[PDB]
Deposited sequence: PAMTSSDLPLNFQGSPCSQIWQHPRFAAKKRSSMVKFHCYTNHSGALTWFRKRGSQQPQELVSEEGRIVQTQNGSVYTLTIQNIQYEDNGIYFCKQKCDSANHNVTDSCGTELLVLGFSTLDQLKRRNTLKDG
């Protein structure tokens, strides 16, 4: 599955959006992996998952240090996005 961006760097409190594109439409869902731990499936004013055609968008509001990690989508898989938080 095609996902964008590859990398992403934002300041604590900001927001971001990850996009997963796919014409093969089944059941899509996002995950978050921290380091070498097992990926935990994402669940939704903090985490918003949407869809519009072949486009699926993950949104992360009020970002924060405990959000660094890789975000990828799976569908009945992508290389995902790595998020690095910053601050002020």
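**Q** Extract from the deposited sequence all ranges with no corresponding C-alpha coordinates, numbering residues from 1.
**A** Model skips 1-19, 64-65, 98-106, 119-133 of the deposited chain.
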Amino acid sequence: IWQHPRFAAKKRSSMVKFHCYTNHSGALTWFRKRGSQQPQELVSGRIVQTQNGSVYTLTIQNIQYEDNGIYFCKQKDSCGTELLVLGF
From here on, numbers count along this sequence of modelled residues.
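**Q** Comparing 62-70 with 21-29, where is the mean C-alpha B-factor higher?
**A** It is 21-29 that shows the higher mean C-alpha B-factor.
**Q** Output the stretch having the higher mean C-alpha B factor in the entry; the candidates are 49-57 and 31-39.
**A** Mean C-alpha B-factor is greater for 49-57.
**Q** Compare the C-alpha B factor of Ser14 with those of the other modelled residues in its chain, then answer lowest, middle or highest third.
**A** Its C-alpha B-factor belongs to the lowest third of this chain's values.
**Q** Is the Cα B-factor recorded for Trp2 in the lowest, middle or highest third of its chain?
**A** It falls in the middle third of the chain.
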